[PDB]
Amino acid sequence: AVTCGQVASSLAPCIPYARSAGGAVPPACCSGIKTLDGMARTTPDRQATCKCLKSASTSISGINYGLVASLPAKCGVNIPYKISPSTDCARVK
């Protein structure tokens, strides 16, 4: 299964943008999102990713969750659902 180390390494370039008002996505953040997409191909990998993101969120303030929800589509990755702290990781498919 993908580790929290793997998730952090792929989405670390997204953190400064995740705290901003929006605008142009850093290419390294889109690259990071593509890498994470490539690692999370099973339900458990997506559930692990969800749990790693929620855990890291408790240690970071100033996050623009409305902007984070749309980041995949801005990076060319089509996603059925929005990334949300509200969503239970146990219900991620």
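Start at 1 with the first residue shown and count on from there.
When the mean C-alpha temperature factors of 15-23 and 77-85 are read from the deposited coordinates, 77-85 comes out higher. In the PDB entry, a CA B factor belonging to the lowest third of its chain's modelled residues is recorded for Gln47. In this PDB entry, the Cα temperature factor of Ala1 sits in the top third of its chain's modelled residues, the highest group. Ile60: CA B factor lies in the highest third for its chain, per the PDB record.
The entry lists a Cα temperature factor for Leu53 that places it in the lowest third of the chain's modelled residues.
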